[PDB]
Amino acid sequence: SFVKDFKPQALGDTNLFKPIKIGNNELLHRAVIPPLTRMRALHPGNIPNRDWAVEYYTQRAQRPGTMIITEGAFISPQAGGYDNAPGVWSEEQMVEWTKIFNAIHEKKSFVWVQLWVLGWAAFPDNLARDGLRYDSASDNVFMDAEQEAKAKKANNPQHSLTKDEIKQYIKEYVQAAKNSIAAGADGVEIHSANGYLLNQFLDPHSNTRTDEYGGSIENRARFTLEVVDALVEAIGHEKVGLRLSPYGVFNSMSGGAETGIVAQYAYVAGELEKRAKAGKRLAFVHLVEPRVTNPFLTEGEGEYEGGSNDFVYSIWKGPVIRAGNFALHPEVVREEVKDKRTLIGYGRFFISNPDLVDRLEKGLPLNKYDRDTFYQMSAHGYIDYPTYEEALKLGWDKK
């Protein structure tokens, strides 16, 4: 059915429908599909889904000039730890991603691959099976109860990475970014948000190292910045984006409770503008908003109101993508896109509405999403949400 007491608002008279150039791509509107894990990849191999993935992305690439950031894709087997999320390291995976990138490009939309490394969010037991380490920034701070339950049954204890093994992850980031561009993606987003490995090094709670990778603002940022710099040497700055969630608490990050958190993220933004002066301005910075500090909480739950992401605009002067409970708030979006360099990511309602961009443009009602199929191994809840037309033919009231 459609979302119930939601009064939609048409947004075609705002800057969300003005064109903008992001990297090499000339987007025709500013509503982007943020990275969304759907756990339909095939095991063994972490292979993109052979039956359903091309249709899923072809459906969401239907409005020309749309920017799509894929689900997170593991850069290597050691980066992974979930059986049904995709990778971008082997020839069998890239054969299937090529077909997804060609289908999106035949629709005249764009496709950026999100590069993912789990760290302590990985299941230690899957990893133990495959012969791999359970990695994080440190060894004396765990994610939570059941993650330490997991690890000890599995006898796969949380490991602090050596400098050596941080370098190897940089090596794999470059290869996986080379692979995504060689199979035809328009660019890559470095996932450094939502509590996964690079964010575990950025956060003072998860990073109690005392070497060059821990202990100060600058050292805590060091791994994310080396990854930026290596991918910018490998494939060019106009093909790299960075995602940050300053105020997130998902996967045990500190959020607004850490008093030093704005300075930690202001430093990363200033180093990026530094590079932008020196010629290497990243295609964009993608921010998760305090409106959503945990993506497993229903919209409106877990909103952090003691801080804001607006400090990034005083520092970084390129495009920023902002995401977090914006589909149900067109009155908030109308204000945020008066800024001429701001794009809005829509996550959960792009899951239920293949044709979201038309619905935004025209103020049409919004299909409810079914949380129960976010992570099912099914076409149901994945490729069968109707467009507005089909939804009327189905009687979602109006028939």
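The first residue of the sequence shown is number 1, and the count goes up from there.
Chemist: Which has the higher mean CA temperature factor in the PDB entry, 64-72 or 358-366?
Modeler: The deposited B-factors put 358-366 ahead on the C-alpha mean.
Chemist: State which stretch shows the higher mean Cα B factor in the entry: 229-237 or 112-120.
Modeler: It is 229-237.
Chemist: Could you check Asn251, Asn156, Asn84, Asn179 and tell me which one carries the biggest Cα B-factor in the deposited entry?
Modeler: Across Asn251, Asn156, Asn84, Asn179, the entry lists the biggest C-alpha B-factor for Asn156.
Chemist: Could you tell me which one of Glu172, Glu271, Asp130, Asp310 shows the highest CA temperature factor in the PDB record?
Modeler: Each of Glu172, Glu271, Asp130, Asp310 was compared by C-alpha B-factor; the highest is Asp130.
Chemist: How does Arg222 rank on Cα B-factor within its chain, lowest, middle or highest third?
Modeler: Tercile = middle for this residue's CA B-factor.
Chemist: Per the entry's values, where does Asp203 land by CA temperature factor relative to the rest of its chain, in the lowest, middle or highest third?
Modeler: Middle third - that is where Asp203 ends up once the chain's C-alpha B-factors are sorted.
Chemist: Looking at the temperature factor on the CA atom of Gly306, which third of the chain's modelled residues does it land in?
Modeler: For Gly306, whose C-alpha B-factor we compare with every modelled residue in the chain, the answer is the highest third.
Chemist: Using only modelled residues of the chain, where does the Cα B factor of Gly214 rank: lowest third, middle third or highest third?
Modeler: According to the entry, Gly214 has a C-alpha B-factor in the chain's highest third.
Chemist: What third of its chain's C-alpha B-factors does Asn325 belong to: lowest, middle or highest?
Modeler: CA B-factor rank for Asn325: lowest third.
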